[PDB]
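One structure is given here, and the rest of the page talks about it.
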Amino acid sequence: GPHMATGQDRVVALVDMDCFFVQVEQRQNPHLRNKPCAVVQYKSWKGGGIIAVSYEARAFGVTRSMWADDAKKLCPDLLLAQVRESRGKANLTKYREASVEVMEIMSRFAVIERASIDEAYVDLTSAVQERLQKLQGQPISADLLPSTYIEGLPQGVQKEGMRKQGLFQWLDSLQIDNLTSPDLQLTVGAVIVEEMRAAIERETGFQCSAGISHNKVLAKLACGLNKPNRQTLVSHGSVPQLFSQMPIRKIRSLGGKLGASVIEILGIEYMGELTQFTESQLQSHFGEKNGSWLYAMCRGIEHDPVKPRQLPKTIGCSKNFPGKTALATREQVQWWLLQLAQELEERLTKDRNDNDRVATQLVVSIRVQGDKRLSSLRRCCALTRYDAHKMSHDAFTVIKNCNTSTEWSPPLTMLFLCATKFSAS
DNA sequence: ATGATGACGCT
DNA sequence: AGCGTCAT
Ligand SMILES: Nc1ccn([C@@H]2O[C@H](COP(=O)(O)OP(=O)(O)OP(=O)(O)O)[C@@H](O)[C@H]2O)c(=O)n1
Ligand SMILES: [Ca+2]
């Protein structure tokens with residue numbers, strides 16, 4: 001009772017850019033703004049593969065991974081922007097650079113963990129503490145939270161009026177006098193996230209959504225509840241009702257085989273149903289670490305820290321060669337390894353200038369035709385010089401003998417070069 | 001014939 | 001070391 005930890009020790013946000021690649025292309029090309037549009041990679045095969053979709057185009061059913069020719073069937077007026085292609089492969093440099101624009105703004109407010117090209121977690125616990133002292137005991141005005149939803153409220157007209165009704169019920173109940181109230185801490189966290197999101201939009205033109213809660217899993221779930229261009233506060237108290245109809249696969253790390261096995265072995269559907277099992281029962285089905293994690297998570301409790309990490313730990317370059325394009329001669333394999341190695345050298349050289357580090361290991365991964373796995377084979381070698389001809393030759397040497405005989409058999413459907421094991425320089 | 005990319009766990 | 005899982 002008095003010794004039951006409630007997982008309310010931190011304020012954590014997750015910031016997620018809305019249709020990110022689309023916003024990057026729309027900033028650059030005003031003719032694309034406020035239109036059904038998508039970002040595509042390649043072009044010759046069925047018009048290219050869709051990677052990102054504006055909310056106007058999503059209303060027609062356009063989705064990621066769809067071929068652009070097929071998307072045009074659902075949305076004949078769909079506008080398209082193409083990803084840059086360099087040395088025969090898609091070149092995402094424009095979007096990584098726009099990502100850095102955003103991450104550098106967020107880093108002004110708190111330590112961030114880069115979660116992907118367009119997501120970062122924020123540990124706001126200290127910023128909230130400082131802000132709670134500056135705001136003496138003053139109440140929090142609804143005007144400081146103009147894009148915030150309070151999940152679960154209102155309880156007991158149009159979209160915006162309902163948002164404000166919920167926000168009013170939340171603020172009216174807040175114990176402003178208690179500087180240790182977790183609900184007050186989340187609310188201040190949301191005020192800071194409003195400021196952070198305003199700064200991102202002012203300084204880059206980009207809109208985003210955010211979740212604010214007590215841990216990373218709840219912040220990530222919260223972020224998706226009201227997209228786009230809104231933020232959502234998930235309090236500890238909101239968790240039982242929210243989890244009572246929340247499919248297990250929606251929780252971060254439960255979207256794959258482990259989540260499917262929770263459903264199958266326990267015969268449940270929703271995250272809240274996990275509360276009925278003991279920690280030992282969950283550890284027996286899913287392992288010590290997974291069971292302890294599940295036991296706490298279904299109660300809204302998670303301790304995974306926001307890691308102080310803005311830079312990737314690996315830098316990689318990959319390309320698929322599907323169907324009849326599979327690489328089937330030694331010259332082909334060697335030419336494409338050179339193309340990937342040239343793009344990788346370019347990124348590594350910029351990384352060494354920008355971030356004062358050198359990679360020391362080169363990982364080479366290939367996929368062989370007829371293998372459903374992401375990678376058929378991984379080998380490593382020393383990365384001593386940032387020279388593309390050397391890296392591609394080393395990569396070849398390391399995979400040479402996977403060839404079961406001028407010809408390459410079986411043909412390669414993927415090539416992957418990854419620079420890893422960075423050291424300060 | 002979705003991709004390109006990246007983190008981390010298990011052994 | 002090398003493979004498997006899960007994610008944007
Ligand atoms: N299966 C996926 C999902 C995402 N991504 C990468 O992650 C980026 C951002 O993904 P995501 O946040 O899922 O999509 P958005 O386009 O930003 O849409 P949303 O508004 O839903 O966040 C994409 O551009 C893409 O580069 C990817 O490569 N493969
Ligand atoms: Ca996004």
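Side-chain atoms are counted along with the backbone in the values below, which use heavy atoms only and exclude waters and symmetry mates. All ligand and atom numbering here is 1-based and tracks the order in the structure. A, B, ... follow the sequence lines: proteins, then strands. Residue 1 opens every chain.
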- Message: In this structure, does ligand 1 have an atom that sits under 4.0 Å from one of the heavy atoms of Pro228(A)?
- Response: no

- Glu195(A) meets the salt bridge (charged side-chain N to carboxylate O under 4.0 Å, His left out) criterion, sequence neighbours left out, with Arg131(A)

- Task: Report the member of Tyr95(A), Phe20(A), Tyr55(A), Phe21(A) with the shortest heavy-atom distance to atom 24 (O) of ligand 1.
- Result: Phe21(A)

- Message: Regarding ligand 1, does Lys227(A) bring an N or O atom to under 3.5 Å of one of the ligand's N or O atoms?
- Response: yes

- Do side-chain atoms of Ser261(A) reach the backbone of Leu258(A) as a donor and acceptor pair under 3.5 angstrom? yes

- Quick one: which ligand 1 atoms are inside 4.0 Å of a heavy atom on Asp18(A)? 20 (O)

- Counting only N and O atoms by type, is there a donor-acceptor contact under 3.5 Å from the side chain of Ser392(A) to the main-chain atoms of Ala341(A)? no

- Pair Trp293(A)-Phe286(A), ring pair (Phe, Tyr, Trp, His ring centres under 6.0 Å): steps then yes or no: CA-CA 10 Å; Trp293(A) 184 88; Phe286(A) 312 111; over 10 Å; no

Throw together a table of side-chain donor-acceptor distances under 3.5 angstrom for residues 239-250 of chain A, partners on residues two or more places apart or in other chains.
residue, atom, partner, partner atom, Å
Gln241(A), NE2, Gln155(A), OE1, 3.0
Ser244(A), OG, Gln241(A), O, 2.9

- Query: Is there a protein heavy atom less than 4.0 Å away from atom 3 (C) of ligand 1?
  - Reply: yes

- Message: Please find the pair of heavy atoms, one from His285(A) and one from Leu266(A), that lie closest to each other, and give the distance.
- Response: CD2-CD2, 3.8 Å

- Message: When you measure from atom 17 (O) of ligand 1 to the protein, is at least one non-hydrogen atom found at a distance under 4.0 Å?
- Response: yes

- Query: Closest non-hydrogen protein atom to atom 12 (O) of ligand 1, residue and atom name please, with distance?
  - Reply: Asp118(A) OD2, 3.5 Å

- Message: Side chain, backbone, both or neither: which applies to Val53(A) and ligand 1 if a contact is any heavy-atom pair less than 4.0 Å apart?
- Response: neither

- Among protein heavy atoms, which lies nearest atom 14 (O) of ligand 1, and at what distance? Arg64(A) NH1, 3.5 Å

- Query: Does ligand 1 have an atom under 4.0 Å from some heavy atom of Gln41(A)?
  - Reply: no

- Note on the structure: shortest atom 23 (C) of ligand 1-to-protein heavy-atom contact is with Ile51(A) CG1, 4.2 Å

- Message: Out of all atoms in ligand 1, which are within 4.0 Å of some heavy atom of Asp16(A)? Include the element for each.
- Response: 12 (O), 22 (O)

- Message: Tell me the protein heavy atom at minimum distance from atom 15 (P) of ligand 1, and give that distance in Å.
- Response: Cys19(A) CA, 3.7 Å

- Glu113(A) bridged to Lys307(A) by N-O distance under 4.0 Å: no

- Task: Give yes if a backbone or side-chain nitrogen or oxygen of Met17(A) is under 3.5 Å from a nitrogen or oxygen of ligand 1, and no if not.
- Result: yes

- Where the side chain of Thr420(A) meets the backbone of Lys313(A), is there a donor-acceptor pair that is under 3.5 Å apart? no

- Donor-acceptor contact below 3.5 Å, side chain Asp123(A) vs main chain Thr125(A): yes

- Residues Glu345(A) and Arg352(A) bridged, charged N to O under 4.0 Å: no

- Any pair with a residue in residues 224-240 of chain A that passes salt bridge (charged side-chain N to carboxylate O under 4.0 Å, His left out), sequence neighbours left out, goes on the list, sorted by first then second residue, please. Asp16(A)-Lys227(A), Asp18(A)-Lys227(A)

- Task: Take the Ca ion (ligand 2) and tell me which protein N, O or S atoms are nearer than 3.0 Å.
- Result: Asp16(A) OD1, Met17(A) O, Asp118(A) OD2

- Heavy-atom donor-acceptor pair, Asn320(A) side chain to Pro322(A) backbone, under 3.5 Å: no

- Here the gap from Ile268(A) atom CD1 to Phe277(A) atom CZ, rounded to the nearest 0.5 Å, amounts to 5.0 Å

- Query: What protein heavy atom sits nearest atom 7 (O) of ligand 1, and how far off is it?
  - Reply: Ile117(A) CG2, 4.2 Å

- Query: Heavy atoms of the protein only: does one fall short of 4.0 Å from atom 27 (C) of ligand 1?
  - Reply: no

- What's the shortest distance from atom 21 (O) of ligand 1 to any protein heavy atom, and which residue and atom give it? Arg58(A) NH1, 3.3 Å

- Query: Under the ring pair (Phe, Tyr, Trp, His ring centres under 6.0 Å) criterion, do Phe206(A) and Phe20(A) qualify, and how do the steps go?
  - Reply: CA-CA 8 Å; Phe206(A) 301 144; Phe20(A) 182 50; 5.8 Å; yes

